[PDB]
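Encoded as C-alpha cells, the following chain is the form deposited without ligand THP, with no partner shown.
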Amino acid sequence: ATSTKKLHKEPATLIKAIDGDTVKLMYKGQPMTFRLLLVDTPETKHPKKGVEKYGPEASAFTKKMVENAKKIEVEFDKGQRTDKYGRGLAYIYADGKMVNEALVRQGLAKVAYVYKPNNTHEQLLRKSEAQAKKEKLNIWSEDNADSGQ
C-alpha cells in the first residue's frame, strides 16, 4: 500500500472535552472542537431518573483517555474538514490508539452513518463493532441464555 503512506498525523493538545463525540482540542494554535468521525454516542439526558444503562461511560473514557494520553494526534480525512456547526470532522489518536476505534471496540459507541467520501477507516470500524458484539460488552451484553428456548 503506497510507499510510505499518504496520510500523516499532526500534534495537538487537550483543551476541554464535553461529550463522548464532542471534544475540544488545541490545534493550529487555536481552540477547535472535534467530532469523532464515523462515531455515534448515546444520549445521557433522555432519562431524568439517571441513566442505568451507560450514560456517564463514553464521556468518562473520553476525558480519561484524552487527559492521560500525553501523545494526542489528530488526522483529518480527505473528506470535508468542518461540519455545518464548526465541528472538526476527523479521527483522534490517544497514545497512538484510534480513540474512535477504542470507544467502538469497547461497546460504548456505534459507527455513525457512513457518507462518502468520508470512508477511510470504515471497514476497520466495522471489525471493531463486530468484536464488541461478539464479546457482549456493555450494550452487547443483552443475551440472557438463548440456549434452546
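Residue numbers run from 1 along the displayed sequence.
The following text describes the form deposited with ligand THP bound, which does not appear among the structures shown.
- Among residues of the shown chain, residue 111 is not one whose heavy atoms approach ligand THP to within 4.5 Å in the deposited complex.
- A residue is said to contact a partner when one of its heavy atoms sits within 4.5 Å of a partner heavy atom; residue 40 meets this definition for ligand THP in the deposited complex.
- In the deposited complex, ligand THP lies within 4.5 Å of some heavy atom of residue 84.
- By the criterion of a heavy atom within 4.5 Å, residue 89 is counted among the residues contacting ligand THP in the deposited complex.
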